[PDB]
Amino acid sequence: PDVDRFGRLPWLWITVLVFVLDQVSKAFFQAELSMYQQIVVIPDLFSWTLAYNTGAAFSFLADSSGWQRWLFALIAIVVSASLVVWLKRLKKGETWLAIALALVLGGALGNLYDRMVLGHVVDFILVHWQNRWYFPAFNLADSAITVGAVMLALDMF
């Protein structure tokens, strides 16, 4: 039948789905919000926002600005290749690792698309607790990446 002649490749549709979901997520809050404007949902815990993270967390490694767009894009490019062959190698019934690889792959490709098209990464989820602290904004791609890491970290038990 068709299901076996493609192998573990039909799992890529979950990767394709996450990429699409994340791209429409960014396209909405971009053309809907202003930069750093926040739409309060839970007054002291959650809001929508429009922060553009240029990857300025690792700015301590150099006295330049702009190379994160490339160093991180290359990371996603190479990491995606090793996570494509990894899914090909898997077997039927390893549906835990097939979802986990598809989740991590889909998110990283959605953020690789950002850095290749627009220098920054769109983020729109400000989880906070009053003025006490504010977690950095993220997107559907980060959500897919983080879940897949958990699924892989709970596969070594």
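So that there is no doubt, residue numbering starts at 1 and follows the sequence shown.
Novice: Which is higher on average in the deposited entry, the C-alpha temperature factors of 39-47 or of 106-114?
Specialist: So the stretch with the higher mean C-alpha B-factor is 39-47.
Novice: What stretch has the higher average Cα B-factor here, 131-139 or 20-28?
Specialist: According to the entry, 131-139 carries the higher average C-alpha B-factor.
Novice: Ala62's Cα B-factor: lowest, middle or highest third of the chain?
Specialist: Within its chain, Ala62 is a highest-third residue by C-alpha B-factor, going by the deposited values.
Novice: Considering every modelled residue of the chain and its Cα B-factor in the PDB entry, is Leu90 in the lowest, middle or highest third?
Specialist: Highest third.
Novice: What third of the chain does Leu101 rank in for C-alpha temperature factor, lowest, middle or highest?
Specialist: Lowest third, going by the recorded CA B-factors of the chain.
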